[PDB]
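Taking it in order: structure first as structure tokens, then the write-up.
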Amino acid sequence: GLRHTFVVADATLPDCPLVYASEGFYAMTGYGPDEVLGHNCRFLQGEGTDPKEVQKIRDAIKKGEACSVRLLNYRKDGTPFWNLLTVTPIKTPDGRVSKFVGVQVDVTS
Ligand SMILES: *[C@@]12=NC3=[C]C([C])=C([C])[C]=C3N([C][C]([O])[C]([O])[C]([O])[C]OP([O])([O])=O)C1=NC(=O)[N]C2=O
């Protein structure tokens, strides 16, 4: 299929820290696990990131809904790329959100 990356965020912590990332994510972004795990995904954002889209994900996470936004992100070396990003809430049987899982596709084409 298409080249994509995958992460898991822990929603049982107040600021959805990332707890797992596929090989592709580290390779796409240039950041290592020591700089990715424990942190919130937003460190990939920068000057040109549309705050109206950042808002759509903030709201969707607060409400525990899925969400798909297209964000401008930056690699560790500062070069930008276009991140088509899809967040999925993972609920426990009691209805609580336990994790958010994300598929991120570099759609710079
Ligand atoms: C990021 N991917 C990503 C993956 C998951 C599973 C989740 C839950 C979030 C992201 N983000 C966004 C970030 O964590 C945050 O949710 C939003 O920026 C909005 O909240 P704030 O407090 O910042 O307004 C991702 N952000 C990226 O920029 N790139 C991704 O790959």
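A short reminder: the numbers here are calculations on the coordinates, not readings from a lab. Cβ: placed from backbone, ideal geometry, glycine included. Neighbour counts: every protein chain shown.
Could you tell me whether any residue of the stretch 33-40 is of a type outside the set (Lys, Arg), within 8 Å of the ligand (Cβ to nearest atom), over 14 Å from residue 5 (Cα atoms) and within 11 Å of the chain's Cα centre (by Cα)? Step through it out loud before you land on a result.
In the first step, residues of the stretch 33-40 are kept if they are of a type outside the set (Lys, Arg); the result is 33-40.
Pick out the ones that are also within 8 Å of the ligand (Cβ to nearest atom) and you get 40.
Still in the running and over 14 Å from residue 5 (Cα atoms): 40.
Pick out the ones that are also within 11 Å of the chain's Cα centre (by Cα) and you get 40.
Yes; the residues of the stretch 33-40 include at least one that is of a type outside the set (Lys, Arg), within 8 Å of the ligand (Cβ to nearest atom), over 14 Å from residue 5 (Cα atoms) and within 11 Å of the chain's Cα centre (by Cα).
Is it fair to say residue 108 is closer than 21 Å to residue 33 by Cβ and surrounded by fewer than 14 Cβ atoms within 10 Å (Cβ to Cβ)?
Values: closer than 21 Å to residue 33 by Cβ: no; surrounded by fewer than 14 Cβ atoms within 10 Å (Cβ to Cβ): yes.
For residue 108, the condition - closer than 21 Å to residue 33 by Cβ and surrounded by fewer than 14 Cβ atoms within 10 Å (Cβ to Cβ) - is not met.
Determine, yes or no, whether residue 64 is without any contact (Cβ under 8 Å) to a residue 60 or more places away in the chain, under 15 Å from the mean Cα position of the chain (by Cα) and at positive phi. Working first, answer last.
On the way: without any contact (Cβ under 8 Å) to a residue 60 or more places away in the chain: yes; under 15 Å from the mean Cα position of the chain (by Cα): yes; at positive phi: yes.
It is true that residue 64 is without any contact (Cβ under 8 Å) to a residue 60 or more places away in the chain, under 15 Å from the mean Cα position of the chain (by Cα) and at positive phi.
Mind listing just one residue for me: the one in the stretch 13-30 that is over 17 Å from residue 89 (Cα atoms) and within 11 Å of the ligand (Cβ to nearest atom) and, of those, surrounded by the most Cβ atoms within 10 Å (Cβ to Cβ)? Among them, the one singled out is 29.
Whenever a residue of the stretch 11-28 is without any contact (Cβ under 8 Å) to a residue 12 or more places away in the chain, its partners that are surrounded by 11 or more Cβ atoms within 10 Å (Cβ to Cβ), lying with C-beta atoms within less than 7 angstrom and at least six residues away or across chains, give the pairs 26/32; 26/33; 26/36.
Would you confirm whether any residue within the stretch 85-99 is among the polar types (S, T, N, Q), touching a residue at least 12 places away in the same chain (Cβ under 8 Å) and more than 10 Å from the ligand (Cβ to nearest atom)? Taking every residue of the stretch 85-99 in turn, at least one turns out to be among the polar types (S, T, N, Q), touching a residue at least 12 places away in the same chain (Cβ under 8 Å) and more than 10 Å from the ligand (Cβ to nearest atom). Considering the stretch 38-88, and only residues there that are over 19 Å from residue 11 (Cα atoms) and among the polar types (S, T, N, Q), the residue that is surrounded by the most Cβ atoms within 10 Å (Cβ to Cβ) turns out to be 83.
Got at least one residue in the stretch 49-63 being over 24 Å from residue 109 (Cβ atoms) and hydrophobic (A, V, I, L, M, F, W, C)? Taking every residue of the stretch 49-63 in turn, at least one turns out to be over 24 Å from residue 109 (Cβ atoms) and hydrophobic (A, V, I, L, M, F, W, C). Being within 30 Å of residue 94 (Cα to Cα), among the acidic types (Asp, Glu), surrounded by 15 or more Cβ atoms within 10 Å (Cβ to Cβ) and more than 8 Å from the ligand (Cβ to nearest atom) is the requirement here; does residue 10 meet it? So residue 10 fits the description; yes.
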